[PDB]
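Along the sequence shown, the residues carry numbers beginning at 1.
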Amino acid sequence: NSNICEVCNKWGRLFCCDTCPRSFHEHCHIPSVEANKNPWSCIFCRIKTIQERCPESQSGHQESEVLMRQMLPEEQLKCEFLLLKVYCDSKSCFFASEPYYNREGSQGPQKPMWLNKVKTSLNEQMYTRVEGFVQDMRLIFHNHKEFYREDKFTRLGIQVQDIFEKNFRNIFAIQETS
Ligand SMILES: [Zn+2]
Ligand SMILES: [Zn+2]
Ligand SMILES: [Zn+2]
């Protein structure tokens with residue numbers, strides 16, 4: 001197994017996947033690394049199994065159909081994995097914890113949102129459809145763009161949203177378009 005966490009790229013107290021060489025901090029993995037379970041298989045491995053069991057699940061989909069899906073176990077897992085892919089980018093640090101807003105010439109968002117809030121909401125099964133999870137994730141970046149206006153820091157929102165959107169299209173097999 002790797003000697004660093006797959007998500008944050010640091011050493012520490014690492015749990016090792018039994019079916020692949022990745023390793024994780026306990027609360028870096030999503031869901032948090034399960035207490036017992038020998039063998040244990042990481043989220044990467046569990047996602048690859050879904051695909052292998054249903055090869056047709058990789059054919060293109062429309063985003064509007066994906067969003068309306070109910071959050072059954074496989075869609076819950078897909079959203080957990082998509083969240084974890086965002087945390088995998090170091091620039092996620094800016095969007096992880098609860099923000100606050102006191103900048104001359106700007107007003108804070110009406111509905112603040114952040115990654116750890118989405119993480120809690122997934123863990124507590126608060127989303128009934130994929131749409132709920134995707135709306136809260138997109139709201140993180142939209143809030144940031146609106147608040148930071150012409151400051152160059154707005155670009156961090158564009159960057160991390162691009163990581164989100166690319167991974168969304170991959171994990172949910174969204175039909176490729178020009
Ligand atoms: Zn970690
Ligand atoms: Zn694995
Ligand atoms: Zn099948």
Side-chain angles (χ1 to χ4, degrees), residues 5-9 17 19-25 27-34 40-96 109 111-146 155-178:
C5 182
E6 187 77 357
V7 184
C8 73
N9 301 105
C17 183
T19 48
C20 78
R22 304 176 173 92
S23 312
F24 307 81
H25 300 107
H27 297 311
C28 281
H29 198 269
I30 308 179
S32 290
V33 170
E34 297 73 5
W40 178 77
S41 265
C42 77
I43 193 156
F44 293 81
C45 282
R46 296 168 66 189
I47 290 285
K48 184 206 300 309
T49 297
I50 302 323
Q51 289 172 15
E52 289 178 343
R53 290 177 163 156
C54 285
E56 69 270 32
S57 73
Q58 299 161 285
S59 294
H61 300 78
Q62 299 296 111
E63 177 174 314
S64 62
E65 177 271 319
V66 168
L67 300 182
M68 293 302 315
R69 295 179 191 165
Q70 301 180 13
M71 288 284 255
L72 292 181
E74 289 188 1
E75 305 314 303
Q76 174 80 32
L77 193 71
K78 286 176 167 210
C79 297
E80 290 166 346
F81 186 50
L82 175 49
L83 183 57
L84 172 137
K85 288 289 194 161
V86 176
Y87 282 103
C88 290
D89 197 283
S90 66
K91 291 163 176 286
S92 71
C93 69
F94 297 109
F95 297 105
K111 187 175 165 183
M113 193 49 59
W114 61 99
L115 300 167
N116 294 345
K117 184 176 170 76
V118 180
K119 184 180 275 200
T120 293
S121 298
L122 274 174
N123 176 242
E124 293 181 2
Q125 299 160 302
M126 302 288 294
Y127 300 112
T128 58
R129 291 170 196 272
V130 173
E131 184 177 44
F133 166 77
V134 171
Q135 287 174 337
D136 276 354
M137 293 292 285
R138 290 175 166 165
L139 181 64
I140 298 171
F141 314 114
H142 192 260
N143 286 349
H144 174 94
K145 287 165 79 181
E146 297 300 301
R155 181 158 173 265
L156 269 294
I158 293 168
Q159 293 173 321
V160 183
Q161 178 151 24
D162 195 42
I163 297 295
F164 175 73
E165 297 295 345
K166 286 179 188 280
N167 281 282
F168 174 70
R169 290 186 307 267
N170 179 261
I171 291 164
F172 288 94
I174 297 293
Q175 175 59 53
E176 292 276 285
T177 53
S178 46

Would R138 and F164 count as a cation-pi pair here, with the cationic atom under 6.0 angstrom from the ring centre and within 45° of the axis? no
Closest non-hydrogen atom pair between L115 and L83, with its separation: CD2-CD1, 3.9 Å
Please report the shortest heavy-atom distance between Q51 and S57, naming the atom on each side. CA-OG, 3.9 Å
Check the angle between the aromatic planes of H29 and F24 and answer parallel, tilted or perpendicular using the 30° and 60° thresholds. perpendicular
CG-CD1 distance between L82 and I163, expressed to the nearest 0.5 angstrom: 11.0 Å
Check: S121 and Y127 side chains under 4.5 Å, non-hydrogen atoms: yes
Within a radius of less than 6.0 Å around NE2 of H142, do more than 12 heavy atoms belonging to other residues, nucleotides or ligands occur? no
How many angstroms lie between atom CZ of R129 and atom CG of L67, to the nearest 0.5 angstrom? 11.0 Å
Taking ring pair (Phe, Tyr, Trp, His ring centres under 6.0 Å) as the criterion, tell me which of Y87, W114, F141 meets it with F95. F141
Look at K85 together with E165 and state whether they make a salt bridge at an N to O cut-off of under 4.0 Å. no
Would you call the rings of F168 and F172 parallel, tilted or perpendicular if under 30° counts as parallel and over 60° as perpendicular? tilted
Is the closest side-chain heavy-atom distance between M68 and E131 below 4.5 Å? yes
Spacing of OG1 belonging to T177 relative to CD belonging to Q62, to within rounding of 0.5 Å: 9.0 Å
Are more than 12 heavy atoms from other residues, nucleotides or ligands located less than 6.0 Å from atom CD of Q125? no
Looking only at non-hydrogen atoms, find the nearest pair between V130 and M71 and report the distance. N-CG, 3.8 Å
Side chain proximity check, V118 to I140, heavy atoms < 4.5 angstrom: yes
If the threshold is 4.0 Å, N to carboxylate O, is there a salt bridge linking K117 and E124? no
Is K48 salt-bridged to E52, going by a charged N under 4.0 Å from an acidic O? no
Euclidean distance, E74 CD relative to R69 CZ, rounded to 0.5 Å: 10.0 Å
To check you understand the geometry: which heavy-atom pair defines the closest contact between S92 and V86, and what is its length? CB-O, 3.3 Å
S23 side chain reached by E6 side chain, heavy atoms, under 4.5 Å: no
Just so I know, are the side chains of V7 and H25 near enough to count as touching, which here means a heavy-atom distance under 4.5 Å? no
For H27 and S32, which heavy atoms make the closest approach, and how far apart are they? ND1-OG, 2.9 Å
Heavy atoms only: give me the nearest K111-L139 pair and the separation to one decimal. O-CD2, 3.4 Å
From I43 atom CD1 to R22 atom CZ, the distance as rounded to the nearest 0.5 Å: 11.0 Å
Is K91 reaching over with its side chain to a backbone N or O of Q159, donor-acceptor style, under 3.5 angstrom? no
Rounded to the nearest 0.5 Å, the CD atom of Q175 sits from the CZ atom of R169 at a distance of 12.0 Å
Could you check whether any side-chain heavy atom of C17 comes within less than 4.5 Å of a side-chain heavy atom of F44, counting everything from C-beta outward? no
